[PDB]
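Visitor: Sharing protein.txt (compact mmCIF, C-alpha atoms and all ligand atoms) below.
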# COMPACT_ATOMS: atom_id res chain seq x y z
CA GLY A 253 111.66 105.40 198.40
CA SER A 254 109.14 102.93 196.86
CA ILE A 255 108.29 102.41 193.16
CA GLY A 256 104.65 103.57 192.83
CA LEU A 257 103.62 101.22 190.07
CA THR A 258 100.13 100.47 188.93
CA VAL A 259 98.96 97.02 189.99
CA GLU A 260 98.35 96.28 186.33
CA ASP A 261 101.79 97.39 185.17
CA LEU A 262 103.84 95.96 187.93
CA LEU A 263 101.98 92.83 186.95
CA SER A 264 102.55 92.82 183.20
CA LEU A 265 106.08 94.02 183.97
CA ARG A 266 106.80 90.86 185.95
CA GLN A 267 104.87 88.93 183.37
CA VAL A 268 107.05 89.89 180.40
CA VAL A 269 110.33 89.80 182.31
CA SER A 270 109.51 86.16 183.06
CA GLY A 271 107.72 85.19 179.92
CA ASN A 272 108.64 87.41 177.02
CA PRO A 273 112.01 89.19 177.63
CA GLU A 274 112.08 90.31 173.98
CA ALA A 275 109.27 92.85 174.56
CA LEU A 276 110.57 94.11 177.92
CA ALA A 277 112.11 97.21 176.44
CA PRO A 278 109.09 98.67 174.67
CA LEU A 279 107.18 97.97 177.90
CA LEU A 280 109.92 99.67 179.94
CA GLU A 281 109.55 102.43 177.38
CA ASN A 282 105.82 103.16 177.53
CA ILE A 283 105.77 102.59 181.29
CA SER A 284 108.18 105.56 181.46
CA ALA A 285 106.16 107.65 178.99
CA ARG A 286 103.51 107.53 181.69
CA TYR A 287 105.13 107.87 185.09
CA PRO A 288 106.86 111.30 185.10
CA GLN A 289 108.18 110.76 188.68
CA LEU A 290 109.89 107.52 187.54
CA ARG A 291 111.22 108.72 184.21
CA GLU A 292 113.40 110.85 186.53
CA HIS A 293 115.14 107.94 188.22
CA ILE A 294 115.68 106.50 184.77
CA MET A 295 117.15 109.73 183.25
CA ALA A 296 119.32 110.42 186.34
CA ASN A 297 120.41 106.75 186.89
CA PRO A 298 119.05 103.49 185.40
CA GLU A 299 120.80 101.58 188.19
CA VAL A 300 118.83 102.87 191.18
CA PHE A 301 115.70 102.45 189.04
CA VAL A 302 116.16 98.77 188.19
CA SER A 303 116.97 97.88 191.82
CA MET A 304 113.69 99.51 192.82
CA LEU A 305 111.92 97.25 190.25
CA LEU A 306 113.28 94.05 191.72
CA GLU A 307 111.63 95.08 194.97
CA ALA A 308 108.36 94.13 193.25
CA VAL A 309 108.37 90.27 192.98
CA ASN B 8 116.27 113.27 177.14
CA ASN B 9 115.97 110.11 174.95
CA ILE B 10 116.75 107.25 177.44
CA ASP B 11 116.65 104.12 175.18
CA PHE B 12 115.89 101.06 177.03
CA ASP B 13 117.49 97.81 175.87
CA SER B 14 120.67 99.25 177.35
CA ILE B 15 118.55 99.16 180.53
CA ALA B 16 116.24 96.20 179.71
CA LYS B 17 119.16 93.82 179.34
CA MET B 18 120.66 95.08 182.61
CA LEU B 19 117.44 93.94 184.28
CA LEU B 20 117.02 90.43 182.88
CA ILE B 21 120.53 89.95 184.19
CA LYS B 22 120.02 91.23 187.72
CA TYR B 23 116.66 89.40 187.79
CA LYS B 24 118.26 86.08 187.00
CA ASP B 25 120.65 86.43 189.95
CA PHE B 26 117.80 87.52 192.19
CA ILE B 27 115.87 84.38 191.33
CA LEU B 28 118.88 82.12 191.77
CA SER B 29 119.54 83.54 195.24
CA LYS B 30 115.96 82.70 196.34
CA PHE B 31 116.30 79.07 195.22
CA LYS B 32 119.73 78.75 196.79
CA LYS B 33 120.52 78.69 200.55
CA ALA B 34 117.93 77.04 202.83
CA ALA B 35 118.59 79.90 205.40
CA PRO B 36 117.73 78.55 208.90
CA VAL B 37 115.53 81.57 209.77
CA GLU B 38 112.97 79.78 207.58
CA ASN B 39 113.98 76.30 208.73
CA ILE B 40 112.44 77.41 212.03
CA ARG B 41 109.47 79.44 210.73
CA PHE B 42 108.66 76.41 208.59
CA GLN B 43 109.29 73.83 211.34
CA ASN B 44 107.12 75.98 213.56
CA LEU B 45 104.12 76.09 211.23
CA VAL B 46 104.08 72.35 210.74
CA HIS B 47 103.31 72.04 214.45
CA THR B 48 101.46 75.34 214.91
CA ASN B 49 98.83 74.70 212.23
CA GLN B 50 97.79 71.17 211.26
CA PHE B 51 96.36 72.12 207.85
CA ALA B 52 99.90 72.98 206.86
CA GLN B 53 101.00 69.73 208.41
CA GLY B 54 98.33 68.13 206.17
CA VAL B 55 99.82 69.44 202.94
CA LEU B 56 103.40 68.80 203.99
CA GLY B 57 102.38 65.19 204.46
CA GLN B 58 100.56 65.20 201.12
CA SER B 59 103.67 66.56 199.39
CA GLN B 60 105.84 63.94 201.00
CA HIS B 61 103.62 61.35 199.30
CA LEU B 62 102.28 62.81 196.06
CA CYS B 63 105.31 64.86 194.94
CA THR B 64 107.37 61.70 194.29
CA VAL B 65 105.53 58.38 194.47
CA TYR B 66 104.72 58.61 190.82
CA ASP B 67 108.27 58.99 189.58
CA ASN B 68 109.12 55.32 189.82
CA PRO B 69 110.15 53.66 186.61
CA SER B 70 109.16 50.10 187.51
CA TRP B 71 105.57 51.34 187.74
CA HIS B 72 105.83 53.26 184.47
CA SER B 73 106.84 50.13 182.63
CA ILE B 74 104.17 47.94 184.31
CA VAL B 75 101.55 50.36 183.08
CA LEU B 76 103.16 50.68 179.68
CA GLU B 77 102.91 46.89 179.37
CA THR B 78 99.37 46.91 180.63
CA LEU B 79 97.72 49.63 178.54
CA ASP B 80 96.92 49.00 174.90
CA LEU B 81 99.57 51.36 173.50
CA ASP B 82 98.57 50.20 170.06
CA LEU B 83 95.00 51.30 170.19
CA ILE B 84 96.03 54.46 172.00
CA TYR B 85 98.54 55.72 169.44
CA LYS B 86 96.52 54.43 166.53
CA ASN B 87 93.75 56.84 167.58
CA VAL B 88 95.99 59.70 168.47
CA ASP B 89 97.36 59.45 164.92
CA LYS B 90 93.88 59.42 163.43
CA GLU B 91 92.85 62.50 165.37
CA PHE B 92 96.15 64.23 164.55
CA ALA B 93 95.75 63.74 160.79
CA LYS B 94 92.40 65.53 161.06
CA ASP B 95 94.07 68.59 162.66
CA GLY B 96 95.77 71.41 160.80
CA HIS B 97 96.34 73.67 163.81
CA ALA B 98 99.90 75.11 163.99
CA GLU B 99 102.39 74.02 161.25
CA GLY B 100 105.04 72.02 163.28
CA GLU B 101 103.81 72.23 166.87
CA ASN B 102 103.61 70.30 170.18
CA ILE B 103 99.86 69.92 169.80
CA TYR B 104 100.37 66.20 169.31
CA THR B 105 100.83 65.59 173.00
CA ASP B 106 97.47 67.23 173.70
CA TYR B 107 95.76 64.68 171.53
CA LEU B 108 97.58 62.02 173.42
CA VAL B 109 96.16 63.19 176.73
CA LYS B 110 92.69 63.51 175.21
CA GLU B 111 92.92 60.04 173.91
CA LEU B 112 94.26 58.58 177.16
CA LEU B 113 91.32 60.45 178.60
CA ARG B 114 88.78 58.61 176.49
CA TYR B 115 90.60 55.29 176.56
CA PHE B 116 90.67 55.27 180.30
CA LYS B 117 87.06 56.22 180.69
CA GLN B 118 85.47 54.30 177.84
CA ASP B 119 87.59 51.17 177.76
CA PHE B 120 89.94 50.80 180.61
CA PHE B 121 88.49 51.62 183.98
CA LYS B 122 85.12 51.21 185.65
CA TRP B 123 83.21 53.50 188.01
CA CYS B 124 82.11 51.75 191.17
CA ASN B 125 79.12 53.22 192.99
CA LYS B 126 78.26 50.17 194.98
CA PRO B 127 80.15 47.05 193.89
CA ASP B 128 78.57 44.33 191.82
CA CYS B 129 77.61 41.19 193.58
CA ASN B 130 80.33 38.75 192.93
CA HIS B 131 78.21 35.69 193.60
CA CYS B 132 75.25 36.92 191.47
CA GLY B 133 75.53 38.08 187.86
CA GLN B 134 77.76 40.95 186.76
CA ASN B 135 75.48 44.02 186.30
CA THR B 136 73.94 43.83 189.78
CA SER B 137 74.26 46.80 192.17
CA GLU B 138 71.10 47.99 194.03
CA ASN B 139 70.22 44.67 195.40
CA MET B 140 73.32 45.76 197.30
CA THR B 141 72.74 47.50 200.63
CA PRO B 142 75.60 49.13 202.54
CA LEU B 143 76.58 47.57 205.80
CA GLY B 144 79.16 50.37 206.36
CA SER B 145 82.97 50.09 206.66
CA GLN B 146 85.68 47.96 208.29
CA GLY B 147 89.50 47.49 208.47
CA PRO B 148 91.16 45.57 205.62
CA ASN B 149 91.28 41.80 205.65
CA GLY B 150 95.07 41.72 205.99
CA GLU B 151 95.21 40.13 202.55
CA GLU B 152 93.99 43.42 201.08
CA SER B 153 96.47 45.26 203.31
CA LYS B 154 99.15 43.86 201.01
CA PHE B 155 98.08 46.81 198.87
CA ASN B 156 97.40 50.29 200.05
CA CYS B 157 94.10 49.86 201.71
CA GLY B 158 93.06 51.43 205.00
CA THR B 159 89.30 50.70 204.84
CA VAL B 160 86.80 48.44 203.09
CA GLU B 161 83.22 49.57 202.34
CA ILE B 162 81.12 46.45 202.63
CA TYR B 163 77.89 45.45 200.92
CA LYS B 164 75.11 42.90 201.40
CA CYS B 165 73.40 41.54 198.36
CA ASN B 166 69.65 41.35 198.64
CA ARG B 167 69.18 38.66 196.05
CA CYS B 168 71.50 35.88 197.24
CA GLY B 169 72.29 37.47 200.58
CA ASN B 170 76.07 37.32 200.20
CA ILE B 171 78.65 39.89 201.33
CA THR B 172 80.65 41.58 198.59
CA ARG B 173 83.51 43.85 199.60
CA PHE B 174 84.89 46.97 198.10
CA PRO B 175 88.25 47.75 199.48
CA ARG B 176 89.69 51.16 198.99
CA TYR B 177 93.28 50.84 197.76
CA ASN B 178 96.00 53.43 197.14
CA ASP B 179 98.44 51.16 195.28
CA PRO B 180 97.90 52.22 191.69
CA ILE B 181 99.17 48.91 190.40
CA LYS B 182 96.54 47.13 192.39
CA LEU B 183 93.95 49.35 190.69
CA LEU B 184 95.55 48.22 187.50
CA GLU B 185 93.99 44.83 188.25
CA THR B 186 90.71 45.69 190.02
CA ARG B 187 90.06 48.29 187.30
CA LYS B 188 87.38 50.22 189.15
CA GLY B 189 86.89 52.86 191.80
CA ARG B 190 85.81 56.36 192.56
CA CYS B 191 87.52 59.68 191.97
CA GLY B 192 90.21 58.65 194.45
CA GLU B 193 91.29 55.62 192.50
CA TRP B 194 90.34 57.21 189.23
CA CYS B 195 92.73 60.07 189.75
CA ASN B 196 95.52 58.03 191.38
CA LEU B 197 95.95 55.61 188.46
CA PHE B 198 95.32 58.23 185.79
CA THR B 199 97.93 60.49 187.25
CA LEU B 200 100.43 57.62 186.93
CA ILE B 201 99.19 56.66 183.47
CA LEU B 202 100.03 60.20 182.46
CA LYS B 203 103.45 60.19 184.10
CA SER B 204 104.28 56.94 182.29
CA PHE B 205 104.27 58.98 179.15
CA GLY B 206 106.58 61.31 180.97
CA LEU B 207 104.08 64.09 180.62
CA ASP B 208 104.53 66.86 183.17
CA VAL B 209 101.71 66.12 185.62
CA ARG B 210 100.31 67.42 188.92
CA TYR B 211 97.86 65.78 191.32
CA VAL B 212 95.38 68.37 192.49
CA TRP B 213 93.60 68.01 195.84
CA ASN B 214 90.36 69.83 196.59
CA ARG B 215 89.54 69.95 200.27
CA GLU B 216 85.89 69.20 199.66
CA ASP B 217 86.38 65.53 198.75
CA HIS B 218 87.42 65.70 195.06
CA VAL B 219 90.66 65.22 193.18
CA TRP B 220 91.94 65.50 189.66
CA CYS B 221 95.08 66.37 187.77
CA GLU B 222 96.92 68.97 185.83
CA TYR B 223 99.12 68.41 182.83
CA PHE B 224 101.39 70.87 181.19
CA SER B 225 100.46 71.30 177.54
CA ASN B 226 103.48 72.73 175.84
CA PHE B 227 101.44 73.76 172.83
CA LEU B 228 99.06 75.73 175.10
CA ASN B 229 102.04 76.81 177.14
CA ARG B 230 100.41 76.50 180.59
CA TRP B 231 98.99 73.94 183.02
CA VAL B 232 95.77 72.30 181.85
CA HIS B 233 92.94 70.84 183.87
CA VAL B 234 92.46 67.14 183.29
CA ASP B 235 89.85 65.14 185.14
CA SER B 236 89.66 61.49 184.22
CA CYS B 237 86.24 60.79 185.81
CA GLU B 238 84.47 63.50 184.05
CA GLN B 239 86.26 62.73 180.79
CA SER B 240 87.39 66.33 180.60
CA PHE B 241 90.28 68.25 179.05
CA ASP B 242 90.82 71.87 180.08
CA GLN B 243 87.67 73.09 181.80
CA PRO B 244 88.43 74.14 185.38
CA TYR B 245 85.02 75.81 185.69
CA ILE B 246 83.23 72.43 185.55
CA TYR B 247 83.34 72.11 189.34
CA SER B 248 82.47 75.60 190.52
CA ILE B 249 79.92 76.53 187.86
CA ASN B 250 78.54 73.37 186.18
CA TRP B 251 78.33 71.30 189.33
CA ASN B 252 77.84 74.50 191.24
CA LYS B 253 80.11 73.14 193.93
CA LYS B 254 81.16 75.03 197.01
CA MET B 255 84.99 74.90 197.26
CA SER B 256 87.52 76.26 199.82
CA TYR B 257 91.13 75.32 199.06
CA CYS B 258 92.50 73.79 195.84
CA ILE B 259 96.16 72.85 195.92
CA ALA B 260 98.36 70.90 193.49
CA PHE B 261 101.41 68.71 194.07
CA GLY B 262 103.91 67.81 191.35
CA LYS B 263 107.53 66.64 191.38
CA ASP B 264 108.70 70.14 190.60
CA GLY B 265 106.53 72.05 193.10
CA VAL B 266 103.51 72.43 195.36
CA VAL B 267 101.38 75.40 194.39
CA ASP B 268 98.00 76.84 195.47
CA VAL B 269 95.82 76.54 192.38
CA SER B 270 92.59 77.75 193.93
CA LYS B 271 91.98 80.82 191.83
CA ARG B 272 91.98 78.53 188.83
CA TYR B 273 89.00 76.61 190.08
CA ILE B 274 87.17 78.42 192.84
CA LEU B 275 85.72 81.06 190.58
CA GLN B 276 82.41 81.33 192.58
CA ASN B 277 80.83 79.39 195.50
CA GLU B 278 83.87 80.44 197.45
CA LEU B 279 83.98 79.07 200.96
CA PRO B 280 86.05 80.67 203.74
CA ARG B 281 89.81 80.12 203.78
CA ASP B 282 91.00 79.90 207.38
CA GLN B 283 92.73 76.66 208.25
CA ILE B 284 95.82 78.75 207.72
CA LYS B 285 96.93 82.34 207.53
CA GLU B 286 97.41 83.37 203.91
CA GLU B 287 101.06 84.53 204.12
CA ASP B 288 101.86 81.21 205.81
CA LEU B 289 100.31 79.09 203.10
CA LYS B 290 102.28 80.99 200.47
CA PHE B 291 105.54 80.58 202.35
CA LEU B 292 104.68 76.92 203.04
CA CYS B 293 104.59 76.10 199.34
CA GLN B 294 107.44 78.25 198.26
CA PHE B 295 109.49 76.60 200.97
CA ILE B 296 108.50 73.04 199.97
CA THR B 297 108.93 73.85 196.31
CA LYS B 298 112.43 75.08 197.18
CA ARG B 299 113.33 72.01 199.21
CA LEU B 300 111.93 70.05 196.26
CA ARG B 301 114.04 71.79 193.61
CA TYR B 302 117.19 71.77 195.76
CA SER B 303 119.38 69.67 193.47
CA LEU B 304 119.00 71.07 189.95
CA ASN B 305 121.36 72.98 187.69
CA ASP B 306 121.19 76.78 187.64
CA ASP B 307 119.30 77.16 184.36
CA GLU B 308 116.74 74.44 185.06
CA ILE B 309 115.99 76.35 188.25
CA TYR B 310 115.51 79.61 186.44
CA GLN B 311 113.52 78.16 183.57
CA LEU B 312 110.98 76.72 186.11
CA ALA B 313 110.81 79.79 188.35
CA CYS B 314 109.73 81.53 185.17
CA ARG B 315 106.99 79.01 184.30
CA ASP B 316 106.04 79.64 187.95
CA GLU B 317 105.58 83.37 187.57
CA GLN B 318 103.80 82.76 184.31
CA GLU B 319 101.21 80.82 186.30
CA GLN B 320 100.99 83.33 189.10
CA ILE B 321 100.16 85.98 186.57
CA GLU B 322 97.60 83.73 184.97
CA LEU B 323 96.09 82.97 188.38
CA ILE B 324 95.81 86.47 189.83
CA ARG B 325 94.97 88.12 186.51
CA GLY B 326 92.66 85.11 186.30
CA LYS B 327 92.16 85.29 182.51
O1 LIG C 1 78.89 65.28 193.13
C1 LIG C 1 80.12 65.31 193.85
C2 LIG C 1 80.76 63.93 193.81
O2 LIG C 1 79.91 63.05 193.07
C3 LIG C 1 80.64 62.37 192.05
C4 LIG C 1 80.42 60.87 192.17
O3 LIG C 1 79.27 60.60 192.98
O4 LIG C 1 80.27 62.86 190.76
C5 LIG C 1 78.87 62.95 190.53
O5 LIG C 1 78.45 64.33 190.54
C6 LIG C 1 78.56 65.14 189.34
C7 LIG C 1 77.54 66.28 189.41
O6 LIG C 1 77.34 66.73 190.75
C8 LIG C 1 78.33 64.34 188.05
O7 LIG C 1 78.74 65.12 186.92
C9 LIG C 1 79.10 63.04 188.08
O8 LIG C 1 78.96 62.32 186.86
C10 LIG C 1 78.57 62.22 189.23
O9 LIG C 1 79.23 60.96 189.23
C11 LIG C 1 82.11 62.68 192.26
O10 LIG C 1 82.74 62.95 191.01
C12 LIG C 1 82.13 63.91 193.14
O11 LIG C 1 83.21 63.81 194.07
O1 LIG C 2 80.49 62.54 181.07
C1 LIG C 2 81.01 63.86 181.31
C2 LIG C 2 81.98 64.27 180.20
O2 LIG C 2 81.27 64.78 179.05
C3 LIG C 2 81.77 66.07 178.63
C4 LIG C 2 82.18 65.91 177.16
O3 LIG C 2 82.71 67.12 176.60
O4 LIG C 2 80.75 67.10 178.74
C5 LIG C 2 80.03 67.26 179.99
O5 LIG C 2 80.42 68.51 180.70
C6 LIG C 2 79.56 68.91 181.84
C7 LIG C 2 79.93 68.22 183.20
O6 LIG C 2 81.00 67.26 183.01
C8 LIG C 2 78.06 68.66 181.62
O7 LIG C 2 77.32 69.78 182.11
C9 LIG C 2 77.73 68.36 180.16
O8 LIG C 2 76.32 68.13 180.02
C10 LIG C 2 78.51 67.10 179.75
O9 LIG C 2 78.24 66.77 178.38
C11 LIG C 2 82.99 66.37 179.51
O10 LIG C 2 83.02 67.72 180.01
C12 LIG C 2 82.89 65.40 180.68
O11 LIG C 2 84.19 64.95 181.03
ZN ZN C 3 74.04 38.35 195.18
Written as C-alpha cells, how would this file's structure read?
Guide:
Amino acid sequence: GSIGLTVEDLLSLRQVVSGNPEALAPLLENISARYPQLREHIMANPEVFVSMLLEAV
Amino acid sequence: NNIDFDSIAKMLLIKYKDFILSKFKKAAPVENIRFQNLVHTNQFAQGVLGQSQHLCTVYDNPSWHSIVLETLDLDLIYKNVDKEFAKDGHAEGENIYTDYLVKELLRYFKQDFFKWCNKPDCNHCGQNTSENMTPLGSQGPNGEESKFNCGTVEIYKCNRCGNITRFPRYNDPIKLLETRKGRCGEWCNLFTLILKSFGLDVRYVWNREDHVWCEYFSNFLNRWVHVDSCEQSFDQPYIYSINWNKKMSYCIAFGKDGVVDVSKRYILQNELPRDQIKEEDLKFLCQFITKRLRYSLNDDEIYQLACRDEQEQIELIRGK
C-alpha cells in the first residue's frame, strides 16, 4: 500500500535527501520512532520501505 | 529491534539518484503529445513556451557580454565592491563577495547608468523637460528604429516648442545600452544581461500584471534572490504584494537552466485567480520545458541542479 507520511515529514524528508544527505539518517531514525506502522516495513525489509519513499516526489 | 539507518540511508540516496536521472532522460513521446497538445489547447501555455524560446537563451551570447563589459565602468564598479567588502566581516572565507557585486551593479545601474523615462524629454527644447509633453498615443516603428527590436513607438507633442519627440520601445538590449533609458521593460532587459555578463546565474521573471524583474542565485545565501533594478532592491520579494499592495496572478521565471513557477515567492497576498491554465498542466509544462532545456548535460550536472530545484520547491511551498 501507500506510505502514510505527514505532509511536514514527507516534505523535510525530500528536503534533506536533496539538500543535506548527511542528516538523512537521523531523520530516517526519528521518523521511524514515530510511525509504528512504518517501523514494521523497515524492521521486516528496508527495501520495500525505501521504494515506497520514492513514490513521494 | 535496533534497525540502524545509514545502512538504509545510503541505499536511498543511491536509488534516488537513479530515479532523478531517469526523469531527466528519455523524452518519452507520451508527453511529446500531451505537451504538443497543450500548446494548442491553451494559449497561456503557448504564451510561456514562446517566452521560454526567447528569454531562456537570448542572454547567453558572448558578443553581447563583452560589449557590455566594455561599456560599463568596471573600474568604478569593482572599486566600490571592494570598499563595501572590506567593511564586512560576515563569514570567514565565503561567497558573499558576489552579493556585494550585485548590490553594487544595482546601485550603479540606477544611480549612474540608466535613466527612467516617464514621458521623454523634448529633444528640441532643453533637457529636463517632460510635462510640456502631451501623449499623442502610439504608432509602428519608423523602419530605422526597426533595425533594433522595436514593435511600437509612444509619441509625444511638446507644448513649449510644439515639436514631436518619440519614444520607441526597443527589445535589443544593446540598443538600450545607447539610449540609456526606459521603463521596467527595458530596465529589466538590460539589467538581466548586465548580470549575465558577470556570468552570475540569473533568471528573468515575468509577472502577468505588467511588471518584470530578475532573480540571481546567491551562492552565499544558497538560494535564488529577488533583484529588481528599477526599485533598486536586493532580496525583498514582498515589495510588490505588500508594499505596493499589488494584485498579482501568475509569476513565472525563465533562466537558461529552467522555467519555474515562482508565484508563491511573490504573491503572498492580493492573490488573483489562477485559471488561464489547469494547475497540473502548468507544472508539467515547466518540468517538460526544463527537461528539454537540460537535455544535453552530463549526469552529475543534471543531478546537482535537480537538487537545487527541490531545494526551491521546498522553500516555495513551505514558504519560509
Ligand atoms: O505602480 C505599478 C507600475 O508603476 C511603476 C512605474 O510607473 O512603478 C511606480 O509604482 C511604485 C508604487 O506603486 C513605485 O514604487 C515606483 O517608484 C513607481 O515608479 C512600475 O514600476 C510598475 O510597473
Ligand atoms: O527607490 C526605491 C528603493 O529604495 C529602497 C532602498 O532600500 O527602499 C524602498 O523600499 C520600498 C519600495 O521600494 C519603500 O516602501 C521604501 O519607502 C523605500 O525606501 C529599495 O527597496 C528600493 O529599491
Ligand atoms: Zn519642445
Visitor: How far is it from atom CA of residue 165 of chain B to atom CA of residue 122 of chain B, in Å with one decimal?
Guide: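 Spanning atom CA of residue 165 of chain B to atom CA of residue 122 of chain B is a straight-line distance of 19.8 Å.
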Visitor: Pick out the residues no farther than 8 Å from ligand LIG 1 (chain C), counting only C-alpha atoms and all ligand atoms, and list them as a list in words.
Guide: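 What falls inside 8 Å of ligand LIG 1 (chain C) is residues 125, 190, 191, 217, 218, 219, 237, 238, 250, 251, 252 and 253 of chain B.
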Visitor: Give me, as a PDB file with C-alpha atoms, in the frame of the given file, the residues of chain B touching chain A, with the criterion being at most 7 Å (counting all atoms listed in the file).
Guide:
ATOM      1  CA  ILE B  10     116.750 107.250 177.440  1.00  0.00           C
ATOM      2  CA  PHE B  12     115.890 101.060 177.030  1.00  0.00           C
ATOM      3  CA  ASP B  13     117.490  97.810 175.870  1.00  0.00           C
ATOM      4  CA  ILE B  15     118.550  99.160 180.530  1.00  0.00           C
ATOM      5  CA  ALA B  16     116.240  96.200 179.710  1.00  0.00           C
ATOM      6  CA  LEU B  19     117.440  93.940 184.280  1.00  0.00           C
ATOM      7  CA  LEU B  20     117.020  90.430 182.880  1.00  0.00           C
ATOM      8  CA  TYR B  23     116.660  89.400 187.790  1.00  0.00           C
ATOM      9  CA  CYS B 314     109.730  81.530 185.170  1.00  0.00           C
ATOM     10  CA  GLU B 317     105.580  83.370 187.570  1.00  0.00           C
ATOM     11  CA  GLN B 318     103.800  82.760 184.310  1.00  0.00           C
ATOM     12  CA  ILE B 321     100.160  85.980 186.570  1.00  0.00           C
TER      13      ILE B 321
END
Visitor: Please return as an NGL selection string the residues found within 10 Å of ligand LIG 2 (chain C), counting all atoms listed in the file.
Guide: :B and (113-114 or 117 or 234-247 or 249-251)
Visitor: Produce as a ChimeraX atom specification the set of residues near ligand ZN 3 (chain C), where near means within 6 Å with all atoms listed in the file considered.
Guide: /B:129,131-132,165,167-170
Visitor: Between atom CA of residue 199 of chain B and atom CA of residue 112 of chain B, what is the spacing in Å?
Guide: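 Between atom CA of residue 112 of chain B and atom CA of residue 199 of chain B the gap is 10.9 Å.
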Visitor: Using all atoms listed in the file, find the one residue out of B:66, B:315, B:82, B:141 that sits nearest to residue 198 of chain B.
Guide: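 The closest residue to residue 198 of chain B is B:66.
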Visitor: Please indicate the distance in Å from atom CA of residue 152 of chain B to atom CA of residue 194 of chain B, rounded to one decimal place.
Guide: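 Separating atom CA of residue 152 of chain B from atom CA of residue 194 of chain B is a distance of 18.5 Å.
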Visitor: I'd like the contact shell of residue 161 of chain B - 8 Å cut-off, only C-alpha atoms, skipping same-chain residues fewer than 5 positions apart - returned as a CSV table (one decimal) with C-alpha atoms, keeping the file's coordinate frame.
Guide:
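Resulting contents of part.csv:
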chain,number,residue,atom,x,y,z
B,142,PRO,CA,75.6,49.1,202.5
B,143,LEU,CA,76.6,47.6,205.8
B,144,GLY,CA,79.2,50.4,206.4
B,145,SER,CA,83.0,50.1,206.7
B,146,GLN,CA,85.7,48.0,208.3
B,173,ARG,CA,83.5,43.8,199.6
B,174,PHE,CA,84.9,47.0,198.1
B,175,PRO,CA,88.2,47.8,199.5
B,176,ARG,CA,89.7,51.2,199.0
